[PDB]
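No hydrogens, no waters, no symmetry mates; every other heavy atom, side chains included, goes into these values. Throughout, protein chains are lettered first and strands after them, A, B, ... in sequence-line order, and every chain is numbered starting at 1.
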Amino acid sequence: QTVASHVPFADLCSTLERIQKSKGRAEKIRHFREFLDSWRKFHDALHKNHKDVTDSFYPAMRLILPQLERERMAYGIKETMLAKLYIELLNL
DNA sequence: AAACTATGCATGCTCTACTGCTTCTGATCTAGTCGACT
């Protein structure tokens with residue numbers, strides 16, 4: 001019953017887009033804090049009955065900070081490979 | 001004078017081979033990524 005299974009990726013993408021659009025640091029910090037607080041409240045609500053929980057903010061934190069990813073090996077797809085795959089798949 | 005048989009022709013179906021054109025597949029080759037070394 002991980003929290004990440006109830007959080008659409010669209011919400012995280014929208015939060016990141018709002019953070020990027022904002023100019024002042026205050027707005028970015030406010031958006032991130034609101035998202036984290038919502039996640040924490042949902043986590044508390046979900047795990048009321050469970051005693052030992054391994055669920056955390058890792059699923060979103062790893063995506064927010066890809067430069068700190070070490071569990072996942074190199075994807076092997078750089079910009080050129082990604083462009084080639086997009087061209088082939090989209091049938092452009 | 002009548003019946004049987006040798007001879008031949010015309011045509012459809014089938015195996016077998018050969019020549020040539022087109023397409024598919026195995027083999028011969030450069031770009032991208034990770035890694036080794038110095």
Side-chain angles (χ1 to χ4, degrees):
Chain A
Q1 318 90 347
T2 321
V3 161
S5 99
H6 290 48
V7 152
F9 192 53
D11 293 314
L12 183 133
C13 290
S14 100
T15 298
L16 295 172
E17 179 48 68
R18 299 221 282 266
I19 280 158
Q20 197 183 76
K21 259 182 309 205
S22 295
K23 205 76 182 57
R25 272 226 308 165
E27 293 302 318
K28 314 190 194 237
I29 290 158
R30 209 275 297 287
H31 294 320
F32 203 106
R33 199 180 300 266
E34 197 61 50
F35 179 46
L36 187 61
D37 293 340
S38 322
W39 188 299
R40 262 158 184 163
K41 254 184 78 181
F42 184 56
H43 180 296
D44 248 1
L46 206 171
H47 301 279
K48 274 210 91 184
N49 324 299
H50 319 113
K51 322 317 221 144
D52 303 288
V53 305
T54 326
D55 185 21
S56 53
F57 200 74
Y58 186 41
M61 198 66 98
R62 61 199 305 184
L63 298 171
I64 293 159
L65 305 156
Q67 39 262 25
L68 297 179
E69 250 295 319
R70 308 286 275 272
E71 173 166 320
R72 276 201 282 268
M73 314 300 75
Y75 304 102
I77 44 183
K78 262 207 93 139
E79 291 106 286
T80 60
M81 217 65 69
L82 246 177
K84 194 182 311 322
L85 288 145
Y86 264 118
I87 286 159
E88 156 164 11
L89 282 153
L90 289 156
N91 289 115
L92 313 177

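Proximity of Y86(A) to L92(A): side-chain heavy atoms (C-beta onward) are nowhere separated by under 4.5 Å.
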Pairs: protein N or O with nucleotides 33-37 of chain B N or O, under 3.5 Å:
{"from": "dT33(B)", "atom 1": "OP1", "to": "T80(A)", "atom 2": "OG1", "distance (Å)": "2.8"}

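Between the CD1 atom of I87(A) and the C1' atom of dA31(B) there is a distance of 15 Å, given to the nearest Å.
To the nearest 0.5 Å, atoms CD (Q20(A)) and NE2 (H31(A)) are separated by 12.0 Å. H6(A) contributes atom NE2, which lies 13.5 Å from atom CG of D11(A) (distance to the nearest 0.5 angstrom).
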Anything under 3.5 Å between a donor and an acceptor, one on a side chain of residues 38-45 of chain A, the other on a protein residue two or more places apart or in another chain? List them.
{"from": "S38(A)", "atom 1": "OG", "to": "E34(A)", "atom 2": "O", "distance (Å)": "2.6"}
{"from": "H43(A)", "atom 1": "NE2", "to": "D55(A)", "atom 2": "O", "distance (Å)": "3.4"}

Could you tabulate the donor-acceptor pairs under 3.5 Å formed by side-chain atoms of residues 60-71 of chain A, not counting sequence neighbours?
{"from": "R62(A)", "atom 1": "NE", "to": "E69(A)", "atom 2": "OE2", "distance (Å)": "2.8"}
{"from": "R62(A)", "atom 1": "NH2", "to": "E69(A)", "atom 2": "OE2", "distance (Å)": "3.0"}
{"from": "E69(A)", "atom 1": "OE1", "to": "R72(A)", "atom 2": "N", "distance (Å)": "3.1"}
{"from": "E69(A)", "atom 1": "OE2", "to": "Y58(A)", "atom 2": "OH", "distance (Å)": "3.3"}

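With its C1'-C2'-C3'-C4' torsion above zero, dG35(B) shows a north sugar pucker.
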